[PDB]
Each structure stands twice: as C-alpha cells, then as structure tokens.
Amino acid sequence: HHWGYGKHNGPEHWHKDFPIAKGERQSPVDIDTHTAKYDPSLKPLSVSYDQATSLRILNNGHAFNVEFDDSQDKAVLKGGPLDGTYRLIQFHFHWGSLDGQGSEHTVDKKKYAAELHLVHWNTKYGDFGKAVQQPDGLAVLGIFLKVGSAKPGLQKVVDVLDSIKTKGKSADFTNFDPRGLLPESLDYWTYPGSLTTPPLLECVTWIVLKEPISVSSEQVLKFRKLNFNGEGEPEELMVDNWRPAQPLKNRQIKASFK
Ligand SMILES: [Mn+2]
C-alpha cells in the first residue's frame, strides 16, 4: 500500500512503486574512509544562514520537517563542490529505536544515533519542483548525531514535538536559527546521489560532514515519541525511519580533507 518503514511497506519494497530505487546513483551509502579520495580542488563550504526565516514544523507521517521561507536568498549554501547558489527549504532527521542505529550514511560501517538533513535547491531552476528534475538540482548537508552531551540549539525543536505528535499536524515555528545545529568543523565528504525517500530522485549532491554533533539521550528520546499514524488511528511510534546503505556502483567519494 503506501510506503513507510514497516515489514510490509519498507525500503525493500519501494522498487515496486519507484523503480528508480535500484538506480545507479541511490543514497545513502557507506563512506569507506580509506577509499575516499582527497581532492585539493574542492573549496570550503560557504554556509550563510544569518538571515534564515523558519516558518513552520510539520509531522508528514515519515519524519518532522522544519520549513523555511525560500522566496529569496535568505539562507544559502554555496562553494564546496557546488556551482551556483542553493537555498535552504527545509531540514529533517532520521533516527533509530536504539542509540546504535538511526543514521542513513555510515562511516566505515559505523551507524550513528541520528542524521540531520538540511535540504537546499539550486536557484537557477526557479523552484523546488523544477530543481528535483535535474541532476544538480539539490544539495543536502548531512550531519550525524551521537548521544553524549545535550545540544542547546536543538532544544527549541525538542520542545514543540508534543504539539505535532501525529501525521498531518503542524505548528508555527518562527525565529529558529539553524546555525545552532552545526558542528565546529565544516570538513566533508561529497558524492552524487539521490533523495532517501520516495520518489528517490537522483538529483542530489550530498555533502556529509565529518564531525558529528552530540545530543543528549533525553533529546533523542523525545523524537521517538512521535507517531507515524494520524490522530485517532492505532499508535505506531515514529522510529527507525532510515533507509539502509545502497551500492556505490560507479561513483567515487571525494574528501575535502586528509
Ligand atoms: Mn533525509
């Protein structure tokens, strides 16, 4: 029936409705650190989020998205392996039912407790919907989360989860600054890939940061309290909304560092 992360509609079934699931540039992947090639020609990333305008937070039944106003060049990403400017449209997370799993990308097969995705679209395309039809339409910044100390900048998000518990619920969410979610270092790995949920389009340049951010156990616990279901439907906790690693096939992972 419709896709999700259960036994009957989980990632292993997606190819029946979205054949691109078995495509040549699917994500996520395992990052083998010894085989990633250092590329001295890659430039430092440029993150400009000082003018970021968040608007709302929504439970879409598969994760929670914080959405931003992308009608102008307010929060953009440029540099790194990118040509042109990419505007932030939304961020969301993938997490596990246990601390030993939850991330989509893995590093030398290591899984983290969660993974944050900041989604950006190439402004040359004019809108998100046109950008997903292009090979260089999106740029996703992925950041791993490990359990340790609490992340202060994530608390405003944790606190509103109670109000968007079930599928379809949304809440006003203004003045949230995503700079509070960045690690200290911007060193990264990059490779050409796809969206990690249906429609699985191969329109993404992935930028995965080497340095994880720490969150407290209590912070991650509140994520696991969300529901996949809609209000008044039987309760299915929102946990393990991550796609396993896909074959690298003909792609090279490049590193901005050595
Ligand atoms: Mn994602």
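Its PDB header names X-ray crystallography as the technique used to obtain the model and reports a resolution of 1.9 Å.

Per the UniProt entry, the sites bearing "binding site: substrate" are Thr196 and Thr197 in this numbering. Along the chain, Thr196 turns up in the loop between β12 (188-193) and β13 (204-209). Residues contacting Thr196, with those up to four places away along its chain left out, are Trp14, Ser27, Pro28, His94, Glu104, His117, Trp206 and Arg243. Here the side chain of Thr196 touches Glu104 through a polar contact of 2.4 Å, side chain to side chain. Mapped onto the secondary structure, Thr197 falls in the loop between β12 and β13.

With respect to the helices and strands, the residue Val147 is situated in strand β10 (residues 138-147). Relative accessible area serves as the criterion here: at 30%, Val147 is assigned to the partly exposed category. When the C-alpha positions of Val147 and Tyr112 are compared, they lie 8.5 Å apart, and in sequence the two are 35 residues distant. Apart from residues lying up to four places away in sequence, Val147 is in contact with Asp99, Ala113, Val215, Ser216, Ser217 and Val220.

Working note: non-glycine residues mostly have negative phi, and peptide bonds are mostly trans. A cis geometry characterises the amide bond from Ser27 onward to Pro28, with omega recorded as 0°. Turning to its location among the elements, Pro28 is positioned in the segment before β1 (30-31). Geometrically, the link from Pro198 to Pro199 is a cis peptide bond, its omega value of 5° lying close to zero. In this fold, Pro199 is placed in the loop between β12 and β13. Phi is positive for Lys249, which is not a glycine, with a value near 55°. Tracing the chain through its elements places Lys249 in the loop between α3 (217-223) and β15 (254-255). The class of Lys249 is partly exposed, set by a relative accessible area of 42%.

When the UniProt feature table is mapped to this numbering, "active site" covers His62. The residues touching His62, leaving out its near neighbours within four places in the chain, are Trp3, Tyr5, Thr197, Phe228, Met238 and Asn241.

Where charged atoms of side chains with opposite charge meet at close range, the side chains can pair. Inspection of the entire model under this criterion finds 11 salt bridges. Between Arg56 and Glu67 there is a salt bridge, with its nearest N and O atoms 2.9 Å apart. With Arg56 in strand β4 (residues 54-59) and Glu67 in strand β5 (residues 64-68), this residue pair connects regions lying 11 residues apart in the sequence. Residues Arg87 and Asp73 are paired through a salt bridge, measuring 2.6 Å at the closest nitrogen-oxygen approach. Residue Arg87 is found in strand β7 (residues 86-95), and its partner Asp73 is found in the loop between β5 and β6 (76-79); the two are separated by 14 residues along the sequence. Taking the relative accessible area as the measure of exposure, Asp73 reaches 47% and is therefore partly exposed.

It is worth spelling out the packing of aromatic side chains at this point. Geometry of an aromatic ring pair is reported as the spacing of the ring centres plus the angle between the planes. Inspection of the entire model under this criterion finds 15 aromatic pairs. Here the aromatic rings of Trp95 and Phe223 are separated by 5.2 Å at their centres, their planes lie at 65°, and the arrangement is edge-to-face. A residue pair is termed long-range when its members are at least 10 positions apart, and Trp95 in strand β7 and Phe223 in helix α3 qualify at 128 residues. Of the two residues, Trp95 and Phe223, both sit in the buried class. Taken together, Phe64, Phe68, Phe91, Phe93, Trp95, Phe173, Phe176 and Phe223 form an aromatic cluster joined through their ring pairs.

Conventions used here
Residues numbered from 1 in each chain as written, not as in the entry; some residues may be left out. Heavy atoms only, no water. UniProt positions renumbered as here; feature names shortened; annotations may be inferred. Helix = DSSP H or I, 4+ residues; strand = E, 2+ residues; numbered from the N terminus. Contact = heavy atoms within 4.5 Å. Polar contact = N/O pair within 3.5 Å; in protein donor to acceptor, adjacent residues only side chain to side chain. Buried < 20%, exposed > 50% of the residue type's maximum accessible area, 1.4 Å probe, protein only. Salt bridge = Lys/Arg side-chain N within 4 Å of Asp/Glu carboxyl O. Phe/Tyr/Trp six-rings, centres within 6.5 Å; stacked < 30°, edge-to-face > 60°.

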